[PDB]
Structures are given as structure tokens and as C-alpha cells.
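As C-alpha cells, the structure follows; a few thoughts come after it.
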Amino acid sequence: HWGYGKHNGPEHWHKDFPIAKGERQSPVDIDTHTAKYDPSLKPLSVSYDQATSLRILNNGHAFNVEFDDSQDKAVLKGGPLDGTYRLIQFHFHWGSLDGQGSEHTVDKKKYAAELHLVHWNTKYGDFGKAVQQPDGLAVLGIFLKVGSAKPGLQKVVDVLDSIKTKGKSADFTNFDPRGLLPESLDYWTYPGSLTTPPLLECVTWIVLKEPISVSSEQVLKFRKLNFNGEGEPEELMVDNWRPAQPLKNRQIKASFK
Ligand SMILES: CC1(C)OC(c2ccc(S(N)(=O)=O)cc2)=C(c2cccc(F)c2)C1=O
Ligand SMILES: [Zn+2]
């Protein structure tokens, strides 16, 4: 039932999922007066060499690139829990115009889109057991701003034409997610939640300081997707983002000065 419409969007989710009003919900605004530099934070490193992409899918509220997460060398490492996190999936959230679309904000600034690279902490065995733990997932969040094109994004935005409607799936092998990363891996981190139902508070959020630049042509391709299935009335897939939630007692930590 849940979606991003007026009558089933973020403001409605709490009715089915009471945790929507919990103590560790995401996304949040990152106020740069209040993030505390933490010299103990382990810097991020990626081993995406053997990351093995499988397929890309339109599930009716986003598109997901699925990975073979049995590749034990394809991991994100570091962060507050010094974790080793298996890459399993990535997806985006975006807006109906360039001035909005991101889920996290920085000093209340919204970006055009946000990329979420989803990983599960290997010490919990599989993604299913991981989402039961407060630090079970590491989601690497990366802001998208409009400017020059991102060459590593081209394979992603171009295949979207093949999965325009809900339910469409396409083989998507040999995609290298290193092509989606900015130069710097300086980051903010805080304990939070999935930003869609079931809104489980199982995420160590790692949000990169540096946005990637993508072209207007690239972002437009996001907005050609459909929420609806083939033959149904056309509803363009836009504004599939949850707004910032109460920070409550949490401290946002910065890896950088
Ligand atoms: C249904 C349930 C629990 O929700 C999510 C989910 C993940 C990330 C986000 S988000 N937007 O990044 O916070 C929101 C939701 C997954 C999931 C998806 C891909 C890989 C994985 F290991 C788990 C689930 O299995
Ligand atoms: Zn997401």
C-alpha cells in the first residue's frame, strides 16, 4: 500500500509502521555546526574489484541494482564499528525537479538525488539477520548535484529505458560501482533507519561529504521511469524521497576536520 503519493506517502507510513515516529529514524538534516569531528573513526575503503552485478529491476517506487553478495571480497570497510560490509544492492531517490530529491540534507540544502549503496555487516551472516541488528546495515549515501556528466553512471541511466514500468527486470552484469564514487570519502555518520517501510532502525549511516556531479541529461532519465505497471495509467516516478526526521538525542560524527 505505501508509496510516495499524497494519500500513501511518508506522512502516512506511521499508521502501519509505528517505528516511523521512533528514536532513530532516517534521513536527518546534517547541520554542520553540530557534527563533531571524531579522530577515532576508521576511514572508508572499498574493495569493489570483484563486485558482481546481476540485474536491475523496477519495483514500483525505485530501481534496484542487485549484486551477487556471495562475493566475500566485495566489501565496504571502516566506519564507527570498523566493520566489513558486503555490498548487496544500490538504488536512488530523486525529485520532480533539480532543487529536491535527496533524503539527507546538509544545513537544510536538498540535492537533486541521493544514491544509496546498501551493505550488510558480515558478522551477522546474511542480510536477513543483519536487519534485526541496530548496526546491521551500512548504507553509503552519496549526493547528486547537476553539472558535468558522471561517466560511471551512464550504464545505469541508459538501461532505465528497458525497465520503464513496475515489474520490468533486465540482466545487468559487469557494472563497476567504483564509477559512482566521488574523489573524497570524507563522511558523516550516525545511527539510523531504513528510509522506506519497514523503517527498521538497523542502519549505520555513512553519508559522503562530497557530492557527485551528474548531467541534466542523466537526471532527466530518472524521471522517465513509471511507478505503474505496463498498460496501467502512466504515473511518472518522481519525488520518491522521505524528508528529514527528528534527530532526537543522536550525535552526528564527522570523519574530517
Ligand atoms: C525490506 C527490507 C528490510 O528493506 C530494505 C531496505 C534497504 C535500504 C533502504 S534505504 N532507502 O537505503 O534506507 C530501505 C529499505 C531491504 C534491503 C534491500 C537491499 C539489500 C538489503 F540487504 C536489504 C529489505 O530487505
Ligand atoms: Zn534508499
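Positions are given from 1, in the same order as the sequence printed here. Counting starts at 1 for both ligands and their atoms, following the listed order.
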Which of the atoms of ligand 1 are close to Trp205, meaning less than 4.0 Å from one of its heavy atoms?
13 (O)
Is there a protein heavy atom less than 4.0 Å away from atom 3 (C) of ligand 1?
yes
Tell me whether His93 reaches ligand 1 (any heavy atom closer than 4.0 angstrom to a ligand atom).
yes
Does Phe92 come within less than 4.0 Å of ligand 1, judged by its heavy atoms?
no
Pull out every atom of ligand 1 sitting under 4.0 Å from any heavy atom of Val139, numbered as shown with elements.
12 (O)
CA sep, side-chain torsions, deciding dist, call: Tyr85, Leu140, side-chain contact (heavy atoms from CB on, under 4.5 Å):
CA-CA 11 Å; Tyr85 302 92; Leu140 180 61; over 6 Å; no
Any N/O pair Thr196/ligand 1 closer than 3.5 Å:
no
Can you check atom 20 (C) of ligand 1: any protein non-hydrogen atom closer than 4.0 Å?
yes
Distance under 4.0 Å to a non-hydrogen atom of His116: what atoms of ligand 1 satisfy this?
11 (N), 12 (O)
Got a salt bridge between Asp82 and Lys42, using NZ or NE/NH1/NH2 to carboxylate O under 4.0 Å?
yes
So which protein heavy atom does atom 6 (C) of ligand 1 come closest to, and at what separation?
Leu194 CD2, 3.7 Å
I need the nearest protein heavy-atom contact for atom 18 (C) of ligand 1: residue, atom name and distance, please.
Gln89 NE2, 4.1 Å
Between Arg55 and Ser169, a side-chain donor and acceptor under 3.5 Å:
yes
Can you hop from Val46 to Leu115 via hydrophobic side chains spaced under 4.5 Å?
yes
Any nitrogen or oxygen of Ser193 lying under 3.5 Å from a nitrogen or oxygen in ligand 1? Just yes or no.
no
Anything under 30° is parallel, anything over 60° is perpendicular, the rest tilted; go ahead and classify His12 against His7.
tilted
In the protein, what heavy atom is nearest to atom 11 (N) of ligand 1, and what distance, to one decimal place, separates them?
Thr195 OG1, 3.0 Å
For a quick test of reading the model, state the closest non-hydrogen atom pair linking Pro182 to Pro211 and the distance between them.
CB-O, 4.1 Å
hydrophobic_cluster_shared for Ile56 and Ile88, side chain cutoff 4.5 Å
no
Answer yes if the ring centres of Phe172 and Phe63 are under 6.0 angstrom apart, and no otherwise.
no
Among all protein heavy atoms, pick out the one at the shortest distance from atom 1 (C) of ligand 1; state its residue, atom name and that distance to 0.1 Å.
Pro198 CD, 3.9 Å
Qualifying residue for ring-ring contact (aromatic ring centres under 6.0 Å, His included) with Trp188, from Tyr37, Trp205, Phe256, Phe143:
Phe256
Quick one: angle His116 ND1 - the Zn ion (ligand 2) - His93 NE2, to the nearest 10°?
100°
shortest atom 25 (O) of ligand 1-to-protein heavy-atom contact is with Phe127 CE1, 3.8 Å
Less than 4.0 Å from atom 16 (C) of ligand 1, is there any heavy atom belonging to the protein?
no
Contact with ligand 1 for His91, non-hydrogen, under 4.0 angstrom:
yes
Please verify the inter-ring angle class for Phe222 with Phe92; under 30° counts as parallel, over 60° as perpendicular, anything in between as tilted.
tilted
